[PDB]
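Novice: Submitted below is the structure of interest, expressed as structure tokens.
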Amino acid sequence: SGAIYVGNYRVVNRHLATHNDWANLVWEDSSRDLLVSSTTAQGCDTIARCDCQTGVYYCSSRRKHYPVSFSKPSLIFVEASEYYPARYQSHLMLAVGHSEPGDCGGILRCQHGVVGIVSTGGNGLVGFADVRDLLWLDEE
Ligand SMILES: NC(=O)[C@H]1CCCN(C(=O)Cc2cnccc2C(F)(F)F)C1
Ligand SMILES: [Zn+2]
């Protein structure tokens, strides 16, 4: 579990969005596993606008932040689960790091800000949904 709070927006994994997030929907993309909802309170996270490939992510299954090297956002094949059939998820970045079911929503950060959130994983890999191309998160 976990979310990004920037401006008047709440960014979450689409598969973990609540019925309230859908009522307050701003934008969603099933192919990216992302959902953005509106908030009454202003958030304090800053989104990174860079091409960094190294950062630090939060791993809830270990209660630890780990430094990682990660790939550029790409179309990556993800196995079927209770949330989606087998498909390609877009804007996904992979790293060698621990993750287990329950870890989605952990923040990946670099020196410039929030890069993304955990969205996939398995076999000593962890996948992050990139948010650095969503330039509109900085305005209105
Ligand atoms: N983006 C998706 O399709 C997710 C939806 C939930 C399921 N999913 C996973 O990969 C779940 C997973 C499995 N093994 C290790 C780590 C994980 C976790 F980090 F929690 F994602 C795909
Ligand atoms: Zn950066």
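Convention: chains lettered A, B, ... in structure tokens order; per-chain residue numbering from 1; ligands numbered from 1 as shown.
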Would you pick out the contacts of residue 104 of chain A at 6 Å or less, using only C-alpha atoms, so that residues sharing its chain but fewer than 4 positions from it are not included, and give the list as a ChimeraX atom specification?
Specialist: /A:1,118-119
Novice: Can you list every residue of chain A that has an atom at most 8 Å from ligand 2, with its nearest atom pair and the distance in Å to one decimal, using only C-alpha atoms and all ligand atoms, ordered by chain then number, as JSON lines?
Specialist:
```
{"residue": "A:48", "atom": "CA", "partner": "ligand 2", "partner_atom_place_in_ligand_line": "1 (Zn)", "distance": 5.6}
{"residue": "A:49", "atom": "CA", "partner": "ligand 2", "partner_atom_place_in_ligand_line": "1 (Zn)", "distance": 6.5}
{"residue": "A:50", "atom": "CA", "partner": "ligand 2", "partner_atom_place_in_ligand_line": "1 (Zn)", "distance": 4.6}
{"residue": "A:51", "atom": "CA", "partner": "ligand 2", "partner_atom_place_in_ligand_line": "1 (Zn)", "distance": 6.0}
{"residue": "A:52", "atom": "CA", "partner": "ligand 2", "partner_atom_place_in_ligand_line": "1 (Zn)", "distance": 4.2}
{"residue": "A:53", "atom": "CA", "partner": "ligand 2", "partner_atom_place_in_ligand_line": "1 (Zn)", "distance": 7.6}
{"residue": "A:54", "atom": "CA", "partner": "ligand 2", "partner_atom_place_in_ligand_line": "1 (Zn)", "distance": 7.9}
{"residue": "A:55", "atom": "CA", "partner": "ligand 2", "partner_atom_place_in_ligand_line": "1 (Zn)", "distance": 7.8}
{"residue": "A:109", "atom": "CA", "partner": "ligand 2", "partner_atom_place_in_ligand_line": "1 (Zn)", "distance": 7.7}
{"residue": "A:110", "atom": "CA", "partner": "ligand 2", "partner_atom_place_in_ligand_line": "1 (Zn)", "distance": 4.8}
{"residue": "A:111", "atom": "CA", "partner": "ligand 2", "partner_atom_place_in_ligand_line": "1 (Zn)", "distance": 5.3}
{"residue": "A:112", "atom": "CA", "partner": "ligand 2", "partner_atom_place_in_ligand_line": "1 (Zn)", "distance": 4.3}
{"residue": "A:113", "atom": "CA", "partner": "ligand 2", "partner_atom_place_in_ligand_line": "1 (Zn)", "distance": 6.5}
{"residue": "A:115", "atom": "CA", "partner": "ligand 2", "partner_atom_place_in_ligand_line": "1 (Zn)", "distance": 7.1}
```
Novice: Would you list the residues that come within 10 Å of ligand 1? Count only C-alpha atoms and all ligand atoms and give the answer as a PyMOL selection string.
Specialist: chain A and resi 1+13-16+30-34+59-61+77-90+92+98-106+117-129
Novice: Between A:57, A:9, A:136, A:66, which is the closest to residue 114 of chain A once you count only C-alpha atoms?
Specialist: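 Using only C-alpha atoms, the shortest distance to residue 114 of chain A belongs to A:57.
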Novice: At what distance in Å, to one decimal, does atom CA of residue 95 of chain A lie from atom CA of residue 69 of chain A?
Specialist: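 Atom-to-atom, atom CA of residue 69 of chain A to atom CA of residue 95 of chain A, that is 6.0 Å.
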Novice: Can you tell me, as number ranges by chain, which residues in segment 10-126 of chain A count as strand (DSSP E or B) by DSSP?
Specialist: A: 10-13, 25-29, 34-44, 47, 54-59, 64-70, 74-78, 87-96, 107-110, 113-122, 125-126
Novice: Can you list, as a list in words, all residues belonging to chain A that DSSP tags as helix (DSSP H, G or I)?
Specialist: residues 14, 15, 16, 19, 20, 21, 22, 23, 30, 31, 32, 135, 136, 137 and 138 of chain A
Novice: For the selection just defined, write its residues with N, CA, C and O atoms to a file, as a PDB file, in the first residue's frame.
Specialist:
```pdb
ATOM      1  N   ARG A  14      -3.629   1.745  -9.737  1.00  0.00           N
ATOM      2  CA  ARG A  14      -5.038   1.646 -10.177  1.00  0.00           C
ATOM      3  C   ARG A  14      -5.740   0.447  -9.566  1.00  0.00           C
ATOM      4  O   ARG A  14      -6.904   0.554  -9.182  1.00  0.00           O
ATOM      5  N   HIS A  15      -5.002  -0.697  -9.399  1.00  0.00           N
ATOM      6  CA  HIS A  15      -5.616  -1.897  -8.834  1.00  0.00           C
ATOM      7  C   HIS A  15      -5.929  -1.810  -7.334  1.00  0.00           C
ATOM      8  O   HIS A  15      -6.706  -2.634  -6.833  1.00  0.00           O
ATOM      9  N   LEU A  16      -5.383  -0.805  -6.643  1.00  0.00           N
ATOM     10  CA  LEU A  16      -5.638  -0.550  -5.218  1.00  0.00           C
ATOM     11  C   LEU A  16      -6.535   0.718  -5.005  1.00  0.00           C
ATOM     12  O   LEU A  16      -6.730   1.149  -3.863  1.00  0.00           O
ATOM     13  N   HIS A  19     -13.410   3.032  -4.070  1.00  0.00           N
ATOM     14  CA  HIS A  19     -14.588   3.548  -4.788  1.00  0.00           C
ATOM     15  C   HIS A  19     -14.609   5.116  -4.711  1.00  0.00           C
ATOM     16  O   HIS A  19     -15.021   5.772  -5.665  1.00  0.00           O
ATOM     17  N   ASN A  20     -14.082   5.702  -3.621  1.00  0.00           N
ATOM     18  CA  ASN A  20     -13.963   7.147  -3.451  1.00  0.00           C
ATOM     19  C   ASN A  20     -12.982   7.774  -4.440  1.00  0.00           C
ATOM     20  O   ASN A  20     -13.123   8.949  -4.783  1.00  0.00           O
ATOM     21  N   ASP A  21     -11.928   7.034  -4.816  1.00  0.00           N
ATOM     22  CA  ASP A  21     -10.953   7.523  -5.786  1.00  0.00           C
ATOM     23  C   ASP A  21     -11.629   7.637  -7.154  1.00  0.00           C
ATOM     24  O   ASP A  21     -11.346   8.581  -7.884  1.00  0.00           O
ATOM     25  N   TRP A  22     -12.501   6.670  -7.507  1.00  0.00           N
ATOM     26  CA  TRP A  22     -13.232   6.686  -8.771  1.00  0.00           C
ATOM     27  C   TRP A  22     -14.253   7.837  -8.820  1.00  0.00           C
ATOM     28  O   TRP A  22     -14.308   8.561  -9.820  1.00  0.00           O
ATOM     29  N   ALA A  23     -14.934   8.102  -7.701  1.00  0.00           N
ATOM     30  CA  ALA A  23     -15.832   9.264  -7.619  1.00  0.00           C
ATOM     31  C   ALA A  23     -15.089  10.591  -7.789  1.00  0.00           C
ATOM     32  O   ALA A  23     -15.659  11.575  -8.274  1.00  0.00           O
ATOM     33  N   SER A  30      -5.221   1.899 -17.224  1.00  0.00           N
ATOM     34  CA  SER A  30      -5.065   0.491 -16.860  1.00  0.00           C
ATOM     35  C   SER A  30      -3.722  -0.073 -17.384  1.00  0.00           C
ATOM     36  O   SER A  30      -3.040  -0.828 -16.685  1.00  0.00           O
ATOM     37  N   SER A  31      -3.330   0.318 -18.608  1.00  0.00           N
ATOM     38  CA  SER A  31      -2.058  -0.171 -19.172  1.00  0.00           C
ATOM     39  C   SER A  31      -0.819   0.248 -18.339  1.00  0.00           C
ATOM     40  O   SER A  31       0.204  -0.389 -18.446  1.00  0.00           O
ATOM     41  N   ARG A  32      -0.920   1.296 -17.525  1.00  0.00           N
ATOM     42  CA  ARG A  32       0.187   1.775 -16.656  1.00  0.00           C
ATOM     43  C   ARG A  32      -0.023   1.408 -15.161  1.00  0.00           C
ATOM     44  O   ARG A  32       0.849   1.711 -14.329  1.00  0.00           O
ATOM     45  N   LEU A 135       3.610  15.471 -16.713  1.00  0.00           N
ATOM     46  CA  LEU A 135       3.953  16.880 -16.469  1.00  0.00           C
ATOM     47  C   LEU A 135       2.818  17.667 -15.862  1.00  0.00           C
ATOM     48  O   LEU A 135       3.058  18.610 -15.110  1.00  0.00           O
ATOM     49  N   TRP A 136       1.581  17.277 -16.160  1.00  0.00           N
ATOM     50  CA  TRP A 136       0.425  17.986 -15.653  1.00  0.00           C
ATOM     51  C   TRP A 136       0.245  17.918 -14.135  1.00  0.00           C
ATOM     52  O   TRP A 136      -0.478  18.745 -13.588  1.00  0.00           O
ATOM     53  N   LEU A 137       0.889  16.964 -13.452  1.00  0.00           N
ATOM     54  CA  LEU A 137       0.794  16.844 -11.996  1.00  0.00           C
ATOM     55  C   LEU A 137       1.311  18.082 -11.260  1.00  0.00           C
ATOM     56  O   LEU A 137       0.941  18.282 -10.104  1.00  0.00           O
ATOM     57  N   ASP A 138       2.173  18.891 -11.915  1.00  0.00           N
ATOM     58  CA  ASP A 138       2.749  20.117 -11.362  1.00  0.00           C
ATOM     59  C   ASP A 138       1.813  21.342 -11.531  1.00  0.00           C
ATOM     60  O   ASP A 138       2.066  22.377 -10.912  1.00  0.00           O
TER      61      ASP A 138
END
```
Novice: Taking only C-alpha atoms into account, which of A:74, A:47, A:63, A:68 comes nearest residue 132 of chain A?
Specialist: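 Distance minimum relative to residue 132 of chain A lands on A:47.
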